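Down below is the structure, laid out as C-alpha cells.
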There are 2 protein chains.
Amino acid sequence: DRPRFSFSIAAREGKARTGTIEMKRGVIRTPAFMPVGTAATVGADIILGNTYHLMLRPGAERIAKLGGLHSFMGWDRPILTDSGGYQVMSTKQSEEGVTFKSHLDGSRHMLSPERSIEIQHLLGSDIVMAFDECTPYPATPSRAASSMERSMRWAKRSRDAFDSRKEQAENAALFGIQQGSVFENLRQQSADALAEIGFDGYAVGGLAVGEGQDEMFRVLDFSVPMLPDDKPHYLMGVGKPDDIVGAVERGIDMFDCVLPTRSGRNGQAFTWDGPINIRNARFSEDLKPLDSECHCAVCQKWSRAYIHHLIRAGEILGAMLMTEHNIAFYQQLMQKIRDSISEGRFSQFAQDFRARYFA
Amino acid sequence: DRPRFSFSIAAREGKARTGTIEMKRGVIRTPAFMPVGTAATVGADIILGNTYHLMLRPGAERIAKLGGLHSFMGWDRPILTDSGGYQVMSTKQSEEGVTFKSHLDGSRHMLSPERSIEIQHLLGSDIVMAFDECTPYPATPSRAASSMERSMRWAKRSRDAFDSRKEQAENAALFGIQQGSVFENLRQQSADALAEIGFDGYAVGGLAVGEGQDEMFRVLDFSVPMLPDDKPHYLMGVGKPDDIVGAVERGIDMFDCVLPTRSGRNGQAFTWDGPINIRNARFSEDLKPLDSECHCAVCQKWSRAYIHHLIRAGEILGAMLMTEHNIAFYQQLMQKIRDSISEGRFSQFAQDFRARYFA
Ligand SMILES: CNc1nc2cc3c(=O)[nH]c(N)nc3c(CCc3ccccc3)c2[nH]1
Ligand SMILES: CNc1nc2cc3c(=O)[nH]c(N)nc3c(CCc3ccccc3)c2[nH]1
Ligand SMILES: [Zn+2]
Ligand SMILES: [Zn+2]
C-alpha cells in the first residue's frame, strides 16, 4: 500500500532534481507537468481541478454528492486543486477571507482558509493548496510585506483546517505557498513561516503574473533554495516550455499552465522548433506532422495541412487534435527532462533545447 | 482483390434489405450510416467528404496535390462525396450548370456536371454522386418536371464525364439521383431515365428539404420500388433515427445526416429513449451514462452529469464526447437494423424501437 505522501529524490544535477511522489492513488514522476483535467481525455500522473469554477458550477457540495471529482471526471489517479483565491481575484478582502458575487447566478460566496480547505475536501482532491493571497505585480515593499504576512496567517489557518478533517489529513497532502513578490527578504520570511508550520510540499506563489522571464528567474534563483530541499517545489502558473526548463534548472519539481490548453484552441502548437500558429496559411500544404519527433497519436496520423484545414473550417476536431498534441508534447518534454537529470546530462539538454527552440 | 463495386443482398424482410457493397478500399455493410469524416476521429465503413466546402477551402486541385482525401484525412476506407450543387443552392442557373461567388475570398466558381465529376475525381472519392438539381419544396408540377428533366440531362453528362476518366471509371462508382419532388409520375420518369443511363447505385434526391416525415414516407412508398432492386438505394439527407427506421422499411440502404454532428455541438444526445438535451439542468446530477445500453467509450466511462458540466462550462471536450456518443449510437442503430433484417425480425424491431423512442 502506497503512503499518503512520500517524496523521494533519485538524481540531482546542480539545483535540478528528478524523483517521485508516492500517494495513495498513484506515483507522480518529477519534474511533473499537471494538465487541466477537463482539457481532453487525459501520460500525465496527476491532473488539476479548477476549484474556482467548481465552486460556482455545480458547487462543491454537489460534486461531493456525485461522489467527488475522481468519480465525476473518471480519473482515479491524483488530483491537485488550487485554493480558489487567486482565481477569485482574477471582491471585498479582509483578514477573514474574501467575499465575491457569482456572475453566473448572482449568488454570494465567501472564501476563507477554512472554507477553501472544506471545498477542496468536498471535491476530494489529493493535493490541497493552502489559501493564500497572490500579491499583484508590481507591488511596493510595504504592500508585498502586508500581503505576505496575511498569507502566512492564512497558511496556519489552512493547516489547522486540514488537520481537523480526519479523512483529509489521512489521505490527502497540503502544500504551503510562498509569497513576498520579488523581494528576497520577504521571500525568506515567508519560507521561514511556512517551514515552521510544516507542509508536505511548498509552492512558489506570486509569479507568472506579468513580471517576465528574466525577473521570474531572478526571484527563483534566491527563492527556491529557501524552501525545504527534501520536499517538492511547485511553481504556480508556469509555463511555456522554456520557462519550465529554466525553472527546473532552479530546483522546481511541479508545473501547471493554461498555455497548452488555451494555445490549442487559439491555433498554437508547441514543437521542438518553437511554437507555430497552425492557422497560418504557410501550413495549408505542409504534409509534415505538427512536430517531426513527437510520438503522439496526432503526429502519427495527421498532417499540419489537415489540422490547419480543420481549425480554419471551425471544426471542433481540429482544436481537440491540437490540444491532444500540446498535452503530449509537454509530457514528452517532462520525460526528456527527467531522463536527462537522471543521466547527468540535463545541462546539455537545456542548452540544446534552447538552441533549437529559439532558432 | 475486391471488385470496383459489387452489391450483394444477403437477407430481405418486406421491402427491407441487408447486405454488402464491396469496393476496392473496403466492404460497406447495409443498411449503412455514413458520418461526416471531419466530425471526429472515426465503426463506420464509409465516410462523407464535403465537396462544396472542399472546393472553397483548400480547393480540389490543392487536395489532389496533397494526395487526395484519403491521405489528407487519414482514412483508407471508402469515401462518398456529393456533387456540390445542393450545397451551392443552400447563384445563376443555366443548362450549363451553376455559377456562384465564394463568401471566403470572392473568387468565382462554376459547377457543371463535367466540373463536378472532375472535382470529385481530384478529391479521390470512391462513391461519386451525379451532378443534379435538388428541387425546392414545395414545387409545382411544372417546375418539378422542368427541374427533374434538367437533372436527367445532367445525369447523362455526369455519366459521360465519369467514364472518360480511366482511373475514376476503373476504381470509383457513380450514383444517379432521382428527382421529381413529391409527384409519382415525375419520380417514375426520373427512375426510368436513370436506369436507361445505368449507374452503380441510385439515390433518392429532393427529400429532407422541409416536407415532414409523413410526406417523405409517402413519396418513398412509391419512389423506391421504381429504382433497380439489385442496386443500392441512398436517401440523401436522412436523417433522425425514426426517419432511418421507416426509410429502411421502405427499401433504403444508405443514409447521411448532419443531426449527429450538429446535434452534438448544440447539446442534443440520441438515446434509445429518444433525444435528450444534455444542457438541461435535469441532467446536472444524473449519474447514468448518456444511454443505458450504449456500448460506446463515452457511456463506459462518463456520466450525463459530467458531460452536462463540460458543455455548460464551454469545454470542447464536452462537444467531442457528445459527438462521439452520437456517431456510436447511430452505428449501433444500423447494426441492430442489419441484425434484425438478417434474423427476420425487423418488423418487430421497428415496432419496439418506436414504442420506446417515442415514450
Ligand atoms: C498563470 N499564472 C499564475 N500565477 C499564479 C500564482 C498563484 C498563487 O500565488 N497562488 C495560488 N493559490 N494560485 C496561483 C495560480 C493559480 C494556479 C492554479 C490554478 C488552478 C488550478 C491549479 C493551480 C497562479 N497562476
Ligand atoms: C439535409 N437534407 C438533404 N436533402 C438532400 C437532397 C440532396 C439532393 O437532392 N441532391 C444532392 N446532390 N444532395 C442532396 C443532399 C446533400 C447530401 C450530401 C451532402 C454532403 C455530403 C454528402 C451528401 C441533401 N440533404
Ligand atoms: Zn504530436
Ligand atoms: Zn454512448
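For the C-alpha cells, the naming scheme is as follows: chains receive sequential letters (A, B, ...) according to their order of presentation, residues are indexed from 1 within each chain, and ligands are indexed from 1 in presentation order.
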Surroundings of ligand 1 up to 9 Å, based on only C-alpha atoms and all ligand atoms, as a PyMOL selection string: chain A and resi 34-36+47-52+80-87+129-135+177-179+203-210+235-239+255-259
Would you put the residues from that selection into a file with C-alpha atoms, as a compact mmCIF listing (two decimals), in the first residue's frame?
# COMPACT_ATOMS: atom_id res chain seq x y z
CA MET A 34 -0.02 18.79 -14.41
CA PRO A 35 -2.63 19.40 -17.14
CA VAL A 36 -6.15 20.66 -16.67
CA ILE A 47 -4.40 16.43 -13.15
CA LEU A 48 -5.80 19.75 -11.96
CA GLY A 49 -9.26 20.53 -10.73
CA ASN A 50 -10.48 24.11 -11.10
CA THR A 51 -11.70 24.97 -7.61
CA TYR A 52 -12.98 28.42 -8.52
CA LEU A 80 -4.43 18.77 -7.32
CA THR A 81 -6.77 21.70 -6.58
CA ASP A 82 -5.94 25.35 -6.03
CA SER A 83 -7.35 27.18 -3.05
CA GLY A 84 -9.59 29.48 -5.08
CA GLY A 85 -8.46 32.96 -4.08
CA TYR A 86 -6.08 33.56 -7.00
CA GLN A 87 -8.94 32.81 -9.37
CA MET A 129 -3.28 24.12 -1.69
CA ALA A 130 -3.28 26.43 1.31
CA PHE A 131 -5.49 29.50 0.96
CA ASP A 132 -3.25 32.45 0.08
CA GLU A 133 -3.28 35.94 -1.40
CA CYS A 134 -1.47 36.22 -4.73
CA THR A 135 0.16 39.63 -4.49
CA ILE A 177 2.50 28.77 -0.79
CA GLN A 178 5.41 31.19 -0.56
CA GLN A 179 4.67 34.84 -1.29
CA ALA A 203 4.72 26.20 -3.85
CA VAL A 204 6.32 29.36 -5.15
CA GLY A 205 3.36 31.71 -5.45
CA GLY A 206 3.07 35.21 -6.77
CA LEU A 207 4.88 34.65 -10.04
CA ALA A 208 3.68 34.31 -13.64
CA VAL A 209 1.64 37.47 -13.06
CA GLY A 210 3.25 39.70 -15.65
CA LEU A 235 5.89 26.84 -9.39
CA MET A 236 2.32 28.00 -9.81
CA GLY A 237 1.24 29.19 -13.23
CA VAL A 238 4.41 28.25 -15.15
CA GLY A 239 4.50 27.93 -18.01
CA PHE A 255 4.24 22.81 -13.08
CA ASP A 256 0.82 23.92 -14.30
CA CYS A 257 -0.07 26.24 -17.16
CA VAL A 258 -3.05 27.15 -19.31
CA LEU A 259 -0.82 27.57 -22.41
Segment 39-266 of chain B: residues DSSP assigns to alpha helix (DSSP H), reported as an MDAnalysis selection string: chainID B and resid 51:56 60:65 69:73 85:89 113:123 141:164 166:171 184:197 213:223 241:249 259:266
Proximal residues of chain B relative to chain A (only C-alpha atoms; 7 Å) as a ChimeraX atom specification: /B:38-40,66,72-74,285,301-302,306,316-317
DSSP strand (DSSP E) residues within segment 211-260 of chain A, listed as a PyMOL selection string: chain A and resi 233-235+254-255
Keeping only C-alpha atoms, take the residues you just selected and write them out as an mmCIF file, in the first residue's frame.
data_model
loop_
_atom_site.group_PDB
_atom_site.id
_atom_site.type_symbol
_atom_site.label_atom_id
_atom_site.label_comp_id
_atom_site.auth_asym_id
_atom_site.auth_seq_id
_atom_site.Cartn_x
_atom_site.Cartn_y
_atom_site.Cartn_z
ATOM 1 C CA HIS A 233 8.655 22.593 -5.120
ATOM 2 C CA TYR A 234 5.661 23.715 -7.236
ATOM 3 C CA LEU A 235 5.890 26.840 -9.393
ATOM 4 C CA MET A 254 5.953 20.684 -10.450
ATOM 5 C CA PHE A 255 4.244 22.815 -13.075
#
Residue 250 of chain B environment, 7 Å, only C-alpha atoms, sequence neighbours closer than 3 positions dropped, as a list in words: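 The residues that qualify are residues 15, 16, 220, 221, 246 and 247 of chain B.
Between atom CA of residue 311 of chain B and atom CA of residue 277 of chain B the interatomic distance comes to 10.7 Å.
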At a cut-off of 10 Å, using only C-alpha atoms, what residues contact segment 23-30 of chain A? Leave out same-chain residues fewer than 4 positions from it and give the result as a short mmCIF file (atom, residue, chain, number, x, y, z; two decimals) with N, CA and C atoms, in the first residue's frame.
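Just written: selection-v4.cif:
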data_model
loop_
_atom_site.label_atom_id
_atom_site.label_comp_id
_atom_site.auth_asym_id
_atom_site.auth_seq_id
_atom_site.Cartn_x
_atom_site.Cartn_y
_atom_site.Cartn_z
N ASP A 1 0.83 -1.21 0.00
CA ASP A 1 0.00 0.00 0.00
C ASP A 1 0.86 1.26 0.00
N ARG A 2 0.63 2.15 -0.97
CA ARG A 2 1.41 3.37 -1.04
C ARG A 2 1.11 4.26 0.16
N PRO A 3 2.05 5.11 0.54
CA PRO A 3 1.81 6.05 1.65
C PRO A 3 0.90 7.18 1.24
N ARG A 4 0.39 7.90 2.24
CA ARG A 4 -0.33 9.15 1.98
C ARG A 4 0.52 10.09 1.13
N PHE A 5 1.80 10.23 1.49
CA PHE A 5 2.68 11.15 0.78
C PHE A 5 4.12 10.79 1.08
N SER A 6 4.90 10.55 0.04
CA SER A 6 6.34 10.37 0.18
C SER A 6 7.04 10.91 -1.05
N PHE A 7 7.97 11.84 -0.85
CA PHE A 7 8.78 12.38 -1.93
C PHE A 7 10.19 11.84 -1.81
N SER A 8 10.67 11.22 -2.89
CA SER A 8 12.00 10.64 -2.97
C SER A 8 12.72 11.27 -4.16
N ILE A 9 13.95 11.73 -3.92
CA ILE A 9 14.80 12.28 -4.97
C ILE A 9 15.77 11.20 -5.42
N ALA A 10 15.70 10.85 -6.70
CA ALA A 10 16.54 9.78 -7.25
C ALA A 10 17.84 10.28 -7.85
N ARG A 17 16.42 18.38 -9.80
CA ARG A 17 16.15 17.09 -9.19
C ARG A 17 15.16 16.31 -10.03
N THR A 18 15.27 14.99 -9.97
CA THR A 18 14.23 14.12 -10.50
C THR A 18 13.95 13.05 -9.47
N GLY A 19 12.68 12.65 -9.39
CA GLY A 19 12.27 11.69 -8.39
C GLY A 19 10.80 11.35 -8.49
N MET A 34 1.31 19.15 -14.88
CA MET A 34 -0.02 18.79 -14.41
C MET A 34 -1.06 19.48 -15.27
N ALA A 44 0.04 11.87 -18.27
CA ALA A 44 0.13 12.61 -17.02
C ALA A 44 -0.10 11.70 -15.82
N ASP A 45 0.58 12.03 -14.71
CA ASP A 45 0.42 11.29 -13.46
C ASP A 45 -0.56 11.95 -12.50
N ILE A 46 -0.92 13.21 -12.73
CA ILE A 46 -1.80 13.97 -11.85
C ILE A 46 -2.44 15.03 -12.73
N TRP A 75 -11.35 9.84 -13.30
CA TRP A 75 -9.90 9.82 -13.14
C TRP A 75 -9.57 9.30 -11.75
N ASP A 76 -8.89 8.16 -11.68
CA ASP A 76 -8.65 7.51 -10.40
C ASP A 76 -7.26 7.79 -9.83
N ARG A 77 -6.50 8.63 -10.48
CA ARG A 77 -5.15 8.98 -10.06
C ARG A 77 -5.19 10.29 -9.30
N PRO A 78 -4.05 10.81 -8.83
CA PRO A 78 -4.11 12.03 -8.01
C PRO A 78 -4.67 13.23 -8.77
N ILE A 79 -5.29 14.13 -8.01
CA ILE A 79 -5.79 15.41 -8.46
C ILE A 79 -5.27 16.49 -7.52
N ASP A 126 -6.39 15.21 -3.90
CA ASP A 126 -5.28 14.55 -3.23
C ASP A 126 -4.22 15.53 -2.79
N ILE A 127 -3.97 16.57 -3.58
CA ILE A 127 -3.07 17.64 -3.19
C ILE A 127 -3.88 18.92 -3.07
N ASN A 171 -5.46 11.03 4.08
CA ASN A 171 -5.42 10.58 2.70
C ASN A 171 -4.93 11.61 1.69
N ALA A 172 -4.92 12.88 2.03
CA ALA A 172 -4.50 13.95 1.13
C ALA A 172 -3.21 14.57 1.66
N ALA A 173 -2.65 15.49 0.87
CA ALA A 173 -1.48 16.27 1.24
C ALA A 173 -1.80 17.76 1.14
N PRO A 232 8.78 18.60 -2.29
CA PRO A 232 8.58 19.08 -3.66
C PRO A 232 8.36 20.58 -3.72
N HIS A 233 8.77 21.16 -4.85
CA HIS A 233 8.66 22.59 -5.12
C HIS A 233 7.78 22.82 -6.35
N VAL A 248 13.22 24.30 -13.85
CA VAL A 248 13.81 23.04 -13.38
C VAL A 248 15.29 23.23 -13.05
N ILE A 252 12.74 23.61 -9.40
CA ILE A 252 11.30 23.38 -9.39
C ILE A 252 10.98 21.97 -9.85
N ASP A 253 9.97 21.37 -9.20
CA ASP A 253 9.57 19.98 -9.43
C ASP A 253 8.20 19.81 -10.06
N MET A 254 7.34 20.83 -10.02
CA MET A 254 5.95 20.68 -10.45
C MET A 254 5.49 21.95 -11.15
N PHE A 255 4.66 21.76 -12.16
CA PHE A 255 4.24 22.81 -13.08
C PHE A 255 2.79 22.65 -13.47
N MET A 334 8.64 16.77 -20.31
CA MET A 334 8.95 16.41 -18.93
C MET A 334 9.73 15.10 -18.87
N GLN A 335 9.38 14.14 -19.72
CA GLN A 335 10.12 12.88 -19.74
C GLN A 335 11.58 13.08 -20.16
N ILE A 337 13.29 15.84 -19.75
CA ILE A 337 13.89 16.49 -18.58
C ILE A 337 14.26 15.45 -17.52
N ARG A 338 13.32 14.58 -17.15
CA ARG A 338 13.59 13.59 -16.12
C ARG A 338 14.75 12.67 -16.51
#
Selection as a VMD selection string: residues within 12 Å of ligand 4 by only C-alpha atoms and all ligand atoms: chain B and resid 264 269 to 272 288 to 304 307 320 to 333
Residue nearest residue 165 of chain B among B:128, B:117, B:145, B:224 (counting only C-alpha atoms): B:117
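If only C-alpha atoms and all ligand atoms are the atoms counted, then among B:147, B:342, B:140, B:91 the closest residue to ligand 2 is B:147.
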Residue neighbourhood residue 161 of chain B, 9 Å, only C-alpha atoms, exclusion window fewer than 6 positions, as a ChimeraX atom specification: /B:113-115,117-118
B:151, B:223, B:99, B:268 ranked by distance to ligand 2, top pick (using only C-alpha atoms and all ligand atoms):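 Of B:151, B:223, B:99, B:268, the one nearest ligand 2 is B:151, counting only C-alpha atoms and all ligand atoms.
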